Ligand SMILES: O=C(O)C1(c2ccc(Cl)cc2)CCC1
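Shown below, as C-alpha cells, is a lone chain in the form solved without this ligand; questions about how it binds or moves come after it.
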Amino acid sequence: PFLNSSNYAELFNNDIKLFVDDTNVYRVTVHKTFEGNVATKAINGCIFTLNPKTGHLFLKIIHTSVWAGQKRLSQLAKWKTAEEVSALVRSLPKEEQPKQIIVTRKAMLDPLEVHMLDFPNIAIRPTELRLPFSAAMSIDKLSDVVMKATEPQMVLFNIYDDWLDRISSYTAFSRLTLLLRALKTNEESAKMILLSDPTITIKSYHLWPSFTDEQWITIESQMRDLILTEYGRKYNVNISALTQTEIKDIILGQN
C-alpha cells in the first residue's frame, strides 16, 4: 500500500505503474498592474504523469482558461487532476492501463479514488517518498511547452531521453531523481552544472544533454555534491561517511 524507500524497487517490474504529481497544476505569477499596484495572475500549469519503467511522461497542460468562472483553484486543481488522469487511463487499451497509480501528495488520494471507480483493478497508492517531480518546471523544454500553450493539450515525452538503451530503469530513475532533486535544491547551480560545455548539446527530441557515460558519472557526482553540501550546511553534518542509504534517502525524500 505505501510506497517507501523499502519497497521502492517494484516500480521497475512489469506491472504498469504511473506517478501522478499535481504540484504544478495551479500556478500563479506576481506582476505589477496598470495602476502600479502588485497582483497575482494565473499562468498555465501541468499535470506530471510518469511511467518510471519506460520514462513515458504524459504532460497534460492546464491552460489558464480552465480557471475561468471558477472559485478556490487550489481545491479544484485536485479534482481536475483526477478527471484528467482518469481520462488518460480511460483512453488507453486494457493492455497499457496501469495496475497502480502512485500520487505524490496524500491530498490527491481521495479525489483520484473517486474518479477511478470505473477502474476496479487499478490501485491508488500514497507514498512516504517526497519525490522531487515539482522541479519538472525547471526543465526548460517542459517549462516552455507549458507557457507557449494557447489551449488544453497533452504532450508526450521520454523523461529518460535514450538512456534506457544503455542503463536499466532503476539506474535511470536514480539519475532522474538525482537531477530533479538538485534542480529543486538549487536551480541556478544545477543548471550551470548541466550547461557548462555546450559542445554537449540537447537533441531536439530530448530534455537533457547528450552526455557520454563518462560525462554522466561526473555530472551525477556534481549534482550529488550540490545536494549534500546544501544538506551539510543545513544540518551541520559530515557529508562524508554519510551512508549510501542515507544519501539515497536524501534524494528520494523519506527519512
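Position 1 is the first residue in the sequence shown; the rest follow in order. Rigid core: the largest C-alpha set superposing within 1.5 Å between the two forms.
The same protein also exists as the form deposited with this ligand bound; that form is not shown, yet it is the one meant from here on.
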Pocket open vs blocked [this ligand transferred in the bound PDB entry by site C-alpha superposition; 2.4 Å, backbone or C-beta, 3 atoms]: blocked
Partner contact for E128 in the bound PDB entry: this ligand, 4.5 angstroms, heavy atom: yes
Heavy atom of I102 within 4.5 Å of this ligand in the bound PDB entry: yes
Contacts with this ligand in the bound PDB entry, stretch 9-35 (heavy atom within 4.5 Å): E10, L11, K17, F19
Residue showing a 2 Å-or-more C-alpha displacement between the shown form and the other one once the rigid core is overlaid, selected from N37, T201, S204, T212: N37
Note on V38-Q70 C-alpha separation in the bound PDB entry, which departs from the shown form by 3 angstroms or more: closer
Closer or farther: C-alpha pair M147/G36 in the bound PDB entry, relative to this form, given a change of 3 Å or more: farther
